[PDB]
>>> print(open('query26.tsv').read())   # TSV, C-alpha atoms
chain	number	residue	atom	x	y	z
A	1	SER	CA	12.71	-19.61	-1.24
A	2	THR	CA	9.25	-18.13	-1.73
A	3	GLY	CA	6.35	-16.88	0.36
A	4	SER	CA	2.62	-16.46	-0.28
A	5	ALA	CA	0.11	-14.75	2.03
A	6	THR	CA	-3.52	-13.74	1.68
A	7	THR	CA	-4.37	-10.06	2.15
A	8	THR	CA	-7.86	-9.09	3.32
A	9	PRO	CA	-9.75	-5.76	3.20
A	10	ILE	CA	-10.27	-4.24	6.63
A	11	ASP	CA	-13.81	-3.04	5.86
A	12	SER	CA	-16.54	-3.03	3.21
A	13	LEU	CA	-14.91	-0.13	1.33
A	14	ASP	CA	-11.42	-1.65	0.89
A	15	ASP	CA	-9.98	1.26	2.91
A	16	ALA	CA	-6.85	-0.84	3.51
A	17	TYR	CA	-5.69	-4.46	3.45
A	18	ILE	CA	-4.18	-6.57	6.25
A	19	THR	CA	-1.83	-9.53	5.89
A	20	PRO	CA	-0.89	-11.89	8.74
A	21	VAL	CA	2.79	-11.80	9.75
A	22	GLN	CA	4.57	-14.08	12.22
A	23	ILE	CA	7.02	-12.29	14.54
A	24	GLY	CA	9.27	-13.89	17.14
A	25	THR	CA	9.65	-17.29	18.78
A	26	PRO	CA	7.12	-18.71	19.53
A	27	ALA	CA	5.36	-16.87	16.73
A	28	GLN	CA	3.21	-13.85	17.51
A	29	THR	CA	0.85	-13.25	14.59
A	30	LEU	CA	0.00	-9.61	13.85
A	31	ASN	CA	-2.09	-8.29	10.95
A	32	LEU	CA	0.02	-5.70	9.12
A	33	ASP	CA	-0.71	-3.17	6.39
A	34	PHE	CA	1.78	-3.93	3.58
A	35	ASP	CA	2.82	-0.50	2.29
A	36	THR	CA	4.86	-0.11	-0.92
A	37	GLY	CA	4.98	3.63	-0.15
A	38	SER	CA	7.08	3.40	3.03
A	39	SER	CA	10.02	1.42	4.35
A	40	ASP	CA	9.47	0.77	8.09
A	41	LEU	CA	8.12	-2.44	9.63
A	42	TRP	CA	6.51	-1.15	12.84
A	43	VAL	CA	4.06	-2.75	15.27
A	44	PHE	CA	1.80	-2.02	18.18
A	45	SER	CA	3.61	-3.50	21.15
A	46	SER	CA	3.83	-3.99	24.89
A	47	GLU	CA	5.69	-0.65	24.84
A	48	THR	CA	2.86	1.34	23.21
A	49	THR	CA	1.27	3.96	25.48
A	50	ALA	CA	-1.72	2.12	26.93
A	51	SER	CA	-4.25	4.88	26.16
A	52	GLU	CA	-3.24	4.65	22.48
A	53	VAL	CA	-4.06	0.93	22.15
A	54	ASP	CA	-7.72	0.10	21.41
A	55	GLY	CA	-8.19	-3.48	20.25
A	56	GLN	CA	-4.96	-4.06	18.29
A	57	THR	CA	-2.89	-7.19	18.75
A	58	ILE	CA	0.48	-6.30	20.27
A	59	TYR	CA	4.01	-7.65	19.87
A	60	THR	CA	5.65	-8.41	23.22
A	61	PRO	CA	9.41	-8.78	22.62
A	62	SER	CA	10.04	-10.05	26.16
A	63	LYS	CA	8.06	-13.20	25.25
A	64	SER	CA	10.19	-13.90	22.14
A	65	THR	CA	13.36	-15.92	22.68
A	66	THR	CA	14.82	-14.55	19.42
A	67	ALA	CA	14.14	-10.84	20.08
A	68	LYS	CA	17.13	-8.59	20.71
A	69	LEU	CA	17.10	-4.88	21.47
A	70	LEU	CA	18.86	-2.91	18.71
A	71	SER	CA	20.70	-0.76	21.19
A	72	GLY	CA	20.33	2.99	20.74
A	73	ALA	CA	18.08	2.75	17.70
A	74	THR	CA	14.93	4.87	17.47
A	75	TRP	CA	12.43	5.56	14.72
A	76	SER	CA	9.81	8.19	13.92
A	77	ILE	CA	7.63	8.39	10.82
A	78	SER	CA	4.96	10.71	9.45
A	79	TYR	CA	2.68	9.63	6.62
A	80	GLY	CA	1.00	11.58	3.84
A	81	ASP	CA	-2.35	11.49	5.65
A	82	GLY	CA	-0.87	13.28	8.68
A	83	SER	CA	-0.66	10.17	10.86
A	84	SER	CA	2.54	9.26	12.68
A	85	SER	CA	4.22	6.82	15.05
A	86	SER	CA	7.57	6.40	16.80
A	87	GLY	CA	9.50	4.14	19.15
A	88	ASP	CA	12.53	1.87	19.60
A	89	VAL	CA	13.76	-1.18	17.69
A	90	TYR	CA	14.28	-4.91	18.15
A	91	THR	CA	15.63	-7.48	15.75
A	92	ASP	CA	13.64	-10.70	15.51
A	93	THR	CA	12.56	-13.48	13.18
A	94	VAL	CA	9.76	-12.45	10.82
A	95	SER	CA	7.86	-14.75	8.48
A	96	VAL	CA	5.32	-13.92	5.78
A	97	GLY	CA	3.45	-16.72	4.06
A	98	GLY	CA	6.18	-19.25	4.81
A	99	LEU	CA	9.15	-16.99	3.93
A	100	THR	CA	11.40	-16.36	6.94
A	101	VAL	CA	13.88	-13.54	7.57
A	102	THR	CA	16.10	-13.68	10.64
A	103	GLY	CA	17.43	-10.46	12.13
A	104	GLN	CA	14.66	-8.25	10.73
A	105	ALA	CA	14.31	-4.82	12.33
A	106	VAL	CA	10.94	-4.78	14.10
A	107	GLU	CA	10.14	-1.19	15.09
A	108	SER	CA	8.18	-1.19	18.35
A	109	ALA	CA	5.78	1.73	18.75
A	110	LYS	CA	5.91	3.75	21.93
A	111	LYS	CA	3.51	6.35	20.47
A	112	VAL	CA	0.96	6.25	17.65
A	113	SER	CA	-1.35	8.99	16.41
A	114	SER	CA	-5.11	8.90	16.82
A	115	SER	CA	-5.91	7.43	13.40
A	116	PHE	CA	-3.86	4.32	14.24
A	117	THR	CA	-5.45	3.95	17.67
A	118	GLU	CA	-8.91	4.32	16.13
A	119	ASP	CA	-8.33	1.49	13.62
A	120	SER	CA	-8.47	-1.69	15.67
A	121	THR	CA	-7.89	-3.90	12.60
A	122	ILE	CA	-4.33	-2.74	11.76
A	123	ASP	CA	-1.60	-3.95	14.12
A	124	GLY	CA	1.19	-2.10	12.27
A	125	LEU	CA	2.80	-1.54	8.88
A	126	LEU	CA	5.23	-3.57	6.77
A	127	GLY	CA	7.07	-1.22	4.43
A	128	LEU	CA	7.98	-2.35	0.93
A	129	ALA	CA	9.43	0.82	-0.64
A	130	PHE	CA	13.21	1.19	-0.92
A	131	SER	CA	15.31	0.95	2.23
A	132	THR	CA	16.70	4.45	1.68
A	133	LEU	CA	13.40	5.72	3.20
A	134	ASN	CA	13.71	3.70	6.42
A	135	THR	CA	13.57	6.05	9.42
A	136	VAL	CA	15.68	4.12	11.96
A	137	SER	CA	18.44	6.24	13.46
A	138	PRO	CA	21.41	6.24	13.78
A	139	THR	CA	21.72	3.05	11.68
A	140	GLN	CA	19.17	2.81	8.89
A	141	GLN	CA	17.55	-0.62	8.56
A	142	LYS	CA	16.50	-2.79	5.62
A	143	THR	CA	12.96	-3.74	4.64
A	144	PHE	CA	11.70	-7.30	4.86
A	145	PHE	CA	11.96	-7.58	1.06
A	146	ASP	CA	15.52	-6.23	0.98
A	147	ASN	CA	16.55	-8.75	3.66
A	148	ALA	CA	14.80	-11.67	1.90
A	149	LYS	CA	15.85	-10.79	-1.65
A	150	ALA	CA	19.06	-12.82	-1.91
A	151	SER	CA	17.28	-15.98	-0.72
A	152	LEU	CA	14.29	-15.64	-3.05
A	153	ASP	CA	14.00	-17.73	-6.19
A	154	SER	CA	13.56	-14.45	-8.10
A	155	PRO	CA	14.08	-10.96	-6.60
A	156	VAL	CA	10.42	-9.91	-6.89
A	157	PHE	CA	7.19	-9.56	-4.98
A	158	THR	CA	3.69	-9.23	-6.41
A	159	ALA	CA	0.53	-7.47	-5.21
A	160	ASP	CA	-2.84	-8.93	-6.24
A	161	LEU	CA	-5.38	-6.88	-4.29
A	162	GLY	CA	-9.05	-7.81	-4.42
A	163	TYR	CA	-12.11	-5.65	-4.98
A	164	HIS	CA	-14.32	-6.24	-1.94
A	165	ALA	CA	-12.54	-9.60	-1.59
A	166	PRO	CA	-9.25	-11.11	-0.38
A	167	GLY	CA	-6.13	-11.11	-2.55
A	168	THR	CA	-2.49	-12.22	-2.38
A	169	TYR	CA	1.04	-10.98	-1.76
A	170	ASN	CA	3.66	-13.35	-3.22
A	171	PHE	CA	7.42	-13.18	-2.66
A	172	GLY	CA	10.03	-14.71	-4.95
A	173	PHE	CA	7.85	-15.91	-7.83
A	174	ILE	CA	5.27	-14.79	-10.38
A	175	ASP	CA	2.03	-16.83	-10.33
A	176	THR	CA	1.26	-17.11	-14.04
A	177	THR	CA	-2.29	-18.29	-13.21
A	178	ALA	CA	-3.15	-15.04	-11.40
A	179	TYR	CA	-3.43	-12.72	-14.41
A	180	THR	CA	-4.67	-12.61	-17.99
A	181	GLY	CA	-2.66	-11.72	-21.07
A	182	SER	CA	0.92	-10.58	-20.58
A	183	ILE	CA	2.71	-8.43	-18.01
A	184	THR	CA	3.90	-5.05	-19.31
A	185	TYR	CA	7.04	-3.81	-17.55
A	186	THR	CA	7.90	-0.13	-17.19
A	187	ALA	CA	10.89	1.79	-15.85
A	188	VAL	CA	11.23	2.81	-12.19
A	189	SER	CA	13.08	5.73	-10.62
A	190	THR	CA	14.33	5.08	-7.09
A	191	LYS	CA	15.55	8.67	-6.61
A	192	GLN	CA	12.78	9.48	-4.11
A	193	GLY	CA	12.79	6.01	-2.50
A	194	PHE	CA	9.45	4.99	-4.08
A	195	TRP	CA	8.30	2.62	-6.81
A	196	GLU	CA	8.02	5.66	-9.07
A	197	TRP	CA	7.04	5.22	-12.72
A	198	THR	CA	5.45	7.14	-15.62
A	199	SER	CA	2.01	6.23	-16.90
A	200	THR	CA	1.49	6.88	-20.62
A	201	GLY	CA	-1.99	8.44	-20.28
A	202	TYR	CA	-5.63	7.87	-19.47
A	203	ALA	CA	-9.20	7.50	-20.70
A	204	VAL	CA	-12.54	8.20	-19.00
A	205	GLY	CA	-15.24	5.62	-19.63
A	206	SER	CA	-15.56	4.80	-23.32
A	207	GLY	CA	-13.76	8.02	-24.27
A	208	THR	CA	-10.64	8.28	-26.37
A	209	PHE	CA	-7.27	7.69	-24.76
A	210	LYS	CA	-5.23	10.82	-23.98
A	211	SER	CA	-1.51	10.23	-24.41
A	212	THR	CA	0.30	12.18	-21.68
A	213	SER	CA	3.06	11.32	-19.22
A	214	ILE	CA	1.93	10.99	-15.59
A	215	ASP	CA	4.73	10.40	-13.08
A	216	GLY	CA	3.54	8.74	-9.89
A	217	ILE	CA	4.14	6.02	-7.31
A	218	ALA	CA	2.71	2.53	-6.90
A	219	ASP	CA	1.51	2.72	-3.28
A	220	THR	CA	-0.42	-0.15	-1.71
A	221	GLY	CA	-0.66	1.84	1.53
A	222	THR	CA	-2.76	4.63	-0.01
A	223	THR	CA	-6.47	3.91	-0.51
A	224	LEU	CA	-7.32	6.18	-3.45
A	225	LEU	CA	-5.99	7.24	-6.85
A	226	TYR	CA	-4.48	10.75	-6.74
A	227	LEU	CA	-3.84	12.36	-10.14
A	228	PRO	CA	-3.34	15.85	-11.60
A	229	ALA	CA	-6.26	18.25	-11.28
A	230	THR	CA	-6.78	18.36	-15.06
A	231	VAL	CA	-7.22	14.57	-15.22
A	232	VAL	CA	-9.48	14.41	-12.17
A	233	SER	CA	-11.71	17.23	-13.48
A	234	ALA	CA	-12.07	15.43	-16.82
A	235	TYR	CA	-13.19	12.28	-14.96
A	236	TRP	CA	-15.77	13.89	-12.64
A	237	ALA	CA	-17.19	16.05	-15.44
A	238	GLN	CA	-18.71	12.79	-16.76
A	239	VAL	CA	-20.73	12.24	-13.55
A	240	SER	CA	-23.91	14.31	-13.25
A	241	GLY	CA	-23.90	16.30	-10.02
A	242	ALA	CA	-20.30	15.57	-9.08
A	243	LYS	CA	-18.39	18.45	-7.53
A	244	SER	CA	-15.27	19.23	-5.54
A	245	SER	CA	-16.25	20.04	-1.95
A	246	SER	CA	-13.76	21.98	0.16
A	247	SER	CA	-15.74	21.16	3.31
A	248	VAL	CA	-15.64	17.41	2.66
A	249	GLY	CA	-12.10	17.49	1.27
A	250	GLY	CA	-12.44	16.29	-2.31
A	251	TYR	CA	-14.77	15.26	-5.08
A	252	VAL	CA	-18.19	13.94	-4.06
A	253	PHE	CA	-20.96	12.62	-6.25
A	254	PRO	CA	-24.62	11.58	-5.91
A	255	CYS	CA	-24.82	8.09	-4.45
A	256	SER	CA	-27.49	7.37	-7.10
A	257	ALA	CA	-24.89	7.71	-9.89
A	258	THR	CA	-23.41	4.93	-11.99
A	259	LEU	CA	-19.71	5.78	-12.32
A	260	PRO	CA	-17.69	5.47	-15.53
A	261	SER	CA	-14.53	3.40	-15.67
A	262	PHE	CA	-11.07	4.96	-15.69
A	263	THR	CA	-8.21	3.60	-17.83
A	264	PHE	CA	-4.51	4.24	-17.25
A	265	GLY	CA	-1.64	3.46	-19.61
A	266	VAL	CA	1.35	1.23	-18.89
A	267	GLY	CA	3.53	1.60	-21.94
A	268	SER	CA	1.32	0.55	-24.84
A	269	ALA	CA	-0.91	-1.51	-22.50
A	270	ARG	CA	-4.03	-0.37	-20.67
A	271	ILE	CA	-5.43	-1.12	-17.19
A	272	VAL	CA	-9.18	-0.51	-16.77
A	273	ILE	CA	-10.52	0.45	-13.33
A	274	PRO	CA	-14.27	-0.38	-13.27
A	275	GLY	CA	-16.55	2.46	-12.19
A	276	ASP	CA	-17.67	0.58	-9.07
A	277	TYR	CA	-14.08	0.59	-7.76
A	278	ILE	CA	-14.28	4.43	-7.62
A	279	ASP	CA	-17.27	4.50	-5.21
A	280	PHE	CA	-16.22	5.04	-1.58
A	281	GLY	CA	-19.73	5.34	-0.23
A	282	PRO	CA	-21.60	7.96	1.78
A	283	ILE	CA	-19.51	10.79	3.19
A	284	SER	CA	-21.27	10.21	6.54
A	285	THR	CA	-23.68	7.49	7.57
A	286	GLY	CA	-26.98	7.84	5.72
A	287	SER	CA	-25.86	10.64	3.40
A	288	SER	CA	-26.76	10.57	-0.29
A	289	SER	CA	-23.45	12.27	-1.11
A	290	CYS	CA	-20.76	9.70	-1.88
A	291	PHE	CA	-16.98	10.11	-1.77
A	292	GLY	CA	-14.97	9.68	-4.97
A	293	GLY	CA	-12.09	7.24	-5.39
A	294	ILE	CA	-10.17	9.49	-7.83
A	295	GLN	CA	-8.96	12.72	-6.22
A	296	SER	CA	-6.60	15.54	-7.08
A	297	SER	CA	-2.91	15.27	-6.17
A	298	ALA	CA	-2.48	19.05	-6.44
A	299	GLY	CA	-1.90	19.42	-2.68
A	300	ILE	CA	0.36	16.36	-2.30
A	301	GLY	CA	3.31	17.07	-4.58
A	302	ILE	CA	3.23	13.58	-6.15
A	303	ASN	CA	0.71	11.47	-8.04
A	304	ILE	CA	-0.26	8.27	-6.22
A	305	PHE	CA	-1.46	5.03	-7.84
A	306	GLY	CA	-3.09	3.73	-4.67
A	307	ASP	CA	-5.31	0.72	-4.05
A	308	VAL	CA	-8.10	1.97	-6.38
A	309	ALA	CA	-5.69	1.60	-9.31
A	310	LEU	CA	-3.55	-1.29	-8.13
A	311	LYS	CA	-6.46	-3.61	-7.33
A	312	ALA	CA	-7.48	-3.49	-11.00
A	313	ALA	CA	-4.15	-5.16	-11.88
A	314	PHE	CA	-1.69	-7.89	-11.05
A	315	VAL	CA	1.38	-5.85	-10.10
A	316	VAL	CA	5.01	-7.02	-10.11
A	317	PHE	CA	7.53	-5.17	-7.96
A	318	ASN	CA	10.79	-6.27	-9.60
A	319	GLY	CA	13.74	-5.71	-7.28
A	320	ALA	CA	16.46	-6.73	-9.72
A	321	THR	CA	19.62	-4.61	-9.85
A	322	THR	CA	17.68	-2.18	-12.04
A	323	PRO	CA	14.17	-2.26	-10.53
A	324	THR	CA	11.07	-2.19	-12.72
A	325	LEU	CA	7.29	-2.45	-12.29
A	326	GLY	CA	5.01	-4.83	-14.17
A	327	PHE	CA	1.25	-4.57	-14.69
A	328	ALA	CA	-1.16	-7.16	-16.06
A	329	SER	CA	-4.92	-7.28	-16.31
A	330	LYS	CA	-6.67	-10.00	-14.31
>>> encode(input="query26.tsv", output="C-alpha cells")
Amino acid sequence: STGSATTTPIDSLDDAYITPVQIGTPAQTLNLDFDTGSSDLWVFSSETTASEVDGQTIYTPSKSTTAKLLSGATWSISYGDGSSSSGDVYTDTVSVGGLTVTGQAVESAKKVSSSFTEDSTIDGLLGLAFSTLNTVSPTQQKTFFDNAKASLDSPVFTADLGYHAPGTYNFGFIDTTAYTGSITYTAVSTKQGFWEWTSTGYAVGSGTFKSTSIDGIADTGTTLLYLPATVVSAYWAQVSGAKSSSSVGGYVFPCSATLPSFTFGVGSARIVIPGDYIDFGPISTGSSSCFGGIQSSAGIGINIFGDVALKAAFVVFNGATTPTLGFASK
C-alpha cells in the first residue's frame, strides 16, 4: 500500500504545516501537525476542557463506530517549546492520503496548554519519530508509520515541505519526479528516539564550506533551524545590523536586509537554504526588526534541523531495519 497527502502552511510565515487525517467511522477529518520529532498522535476532542478549545475541529469518539477505549491508558507530553497536552486513549481507524491503519492509538486531549488553544488551525499532532518516545502509559503505543510499515510497498515516508506553498507527505514510495539529482543517504542513530544524523558542515552565502560534524535531528515539528552558537554567529555576522536580543529571545535583523543563503552538508552533498527562507518577519506587528530563522541551540541540548532546513530538500525517512535519512535538492 501507499498514501499521499498534501501539507499546507498554517500562516504566511510557514510557522507549521497541517495535513488532513481521517479518523473513525464515518470519517472525521482533522488537520494535524505531522511531527518527526515526537511519537504521539493526539487530537483535540469532545473530552478537551471547553475553555481550552478555540476554533479547532474536535474528534468525538462516541460518534465513531470503530472507536474503542484503550482501558486504563493515559498520556502526557511536553514539547521543546514548553507547550504540553494530556488525556486518555482510544483505538480507531486512521487514514492519511488513502493509507489506512486499523487499531491506531488516538490520544484524546483532556487538557492542552495555551499555545495549542491559541492556534485554531492545528487540531492535533501526528508523531513520526520512533515509537520508543510514545508517552502512553502503562502500555506504550506505536506511531502511525510503525503500524503501517509492514503493509507499505517500501518501509519509508517522505517529507516535501513547501516555501510559502503547499507540499506533500508520501508513505510507502519515493516520488522520483519530486526532486532533482540524486538522494544522498546518511546514517541515523535511534538511541534518543529521534531521526538523529550528523551533518558534514556548512557554508554561509557564497563563502567556503567548513567541514565539521554537526549532530542533530530532522524535525518537521520545529519551525526553525537550531545550530551551535559558533555556526549561528558566523551566519549573522554576514548581515549588517543583526544581533542577538535577550529580550526578544534570539537573533534579530533589520527587515530591510537581504539575507544570505545557508548551506548544510549531507555526506559529500550540499543542501542550500535560500536567504528568504530565513526571514520570519517583524518581531511584532509593524516593527522594522525581523526575527531570524537560524537560531542557537545552546540552550536546547540538541541541534534541530527544523522546517527552515527541511523545506529546502526532499527528505526520505527510511524505516528499514537499519533506519537512514535521505536528502535531495528540489
>>> atom_distance(input="query26.tsv", atom1="CA of residue 314 (chain A)", atom2="CA of residue 180 (chain A)")
8.9 Å
>>> closest_residue(input="query26.tsv", among="A:289, A:190, A:2, A:22", to="residue 170 (chain A)", atoms="all atoms listed in the file")
A:2
>>> atom_distance(input="query26.tsv", atom1="CA of residue 34 (chain A)", atom2="CA of residue 14 (chain A)")
13.7 Å
>>> residues_around(input="query26.tsv", residues="region 240-250 of chain A", least_positions_apart="2", cutoff="9 Å", atoms="all atoms listed in the file", output="PyMOL selection string")
chain A and resi 233+236-238+252-254+257+283+291-292+295-296
>>> write_last_selection(input="query26.tsv", atoms="C-alpha atoms", output="compact mmCIF listing (two decimals), keeping the file's coordinate frame")
# COMPACT_ATOMS: atom_id res chain seq x y z
CA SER A 233 -11.71 17.23 -13.48
CA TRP A 236 -15.77 13.89 -12.64
CA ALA A 237 -17.19 16.05 -15.44
CA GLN A 238 -18.71 12.79 -16.76
CA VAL A 252 -18.19 13.94 -4.06
CA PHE A 253 -20.96 12.62 -6.25
CA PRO A 254 -24.62 11.58 -5.91
CA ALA A 257 -24.89 7.71 -9.89
CA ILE A 283 -19.51 10.79 3.19
CA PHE A 291 -16.98 10.11 -1.77
CA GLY A 292 -14.97 9.68 -4.97
CA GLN A 295 -8.96 12.72 -6.22
CA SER A 296 -6.60 15.54 -7.08
>>> closest_residue(input="query26.tsv", among="A:8, A:189, A:140, A:258", to="residue 290 (chain A)", atoms="only C-alpha atoms")
A:258
>>> closest_residue(input="query26.tsv", among="A:111, A:191, A:63, A:210", to="residue 85 (chain A)", atoms="all atoms listed in the file")
A:111
>>> closest_residue(input="query26.tsv", among="A:239, A:312, A:224, A:156", to="residue 264 (chain A)", atoms="all atoms listed in the file")
A:312
>>> residues_near_point(input="query26.tsv", point="(-7.5, -7.3, -2.6)", cutoff="8 Å", atoms="only C-alpha atoms", output="list in words")
residues 7, 8, 9, 14, 17, 160, 161, 162, 163, 164, 165, 166, 167, 168 and 311 of chain A
>>> atom_distance(input="query26.tsv", atom1="CA of residue 260 (chain A)", atom2="CA of residue 275 (chain A)")
4.6 Å
>>> residues_near_point(input="query26.tsv", point="(-13.1, 5.9, -22.9)", cutoff="10 Å", atoms="only C-alpha atoms", output="list in words")
residues 202, 203, 204, 205, 206, 207, 208, 209, 210, 260, 261, 262, 263 and 272 of chain A
>>> write_last_selection(input="query26.tsv", atoms="C-alpha atoms", output="PDB file, in the coordinates of the input")
ATOM      1  CA  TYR A 202      -5.630   7.870 -19.470  1.00  0.00           C
ATOM      2  CA  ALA A 203      -9.200   7.500 -20.700  1.00  0.00           C
ATOM      3  CA  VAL A 204     -12.540   8.200 -19.000  1.00  0.00           C
ATOM      4  CA  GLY A 205     -15.240   5.620 -19.630  1.00  0.00           C
ATOM      5  CA  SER A 206     -15.560   4.800 -23.320  1.00  0.00           C
ATOM      6  CA  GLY A 207     -13.760   8.020 -24.270  1.00  0.00           C
ATOM      7  CA  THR A 208     -10.640   8.280 -26.370  1.00  0.00           C
ATOM      8  CA  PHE A 209      -7.270   7.690 -24.760  1.00  0.00           C
ATOM      9  CA  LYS A 210      -5.230  10.820 -23.980  1.00  0.00           C
ATOM     10  CA  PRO A 260     -17.690   5.470 -15.530  1.00  0.00           C
ATOM     11  CA  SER A 261     -14.530   3.400 -15.670  1.00  0.00           C
ATOM     12  CA  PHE A 262     -11.070   4.960 -15.690  1.00  0.00           C
ATOM     13  CA  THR A 263      -8.210   3.600 -17.830  1.00  0.00           C
ATOM     14  CA  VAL A 272      -9.180  -0.510 -16.770  1.00  0.00           C
TER      15      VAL A 272
END
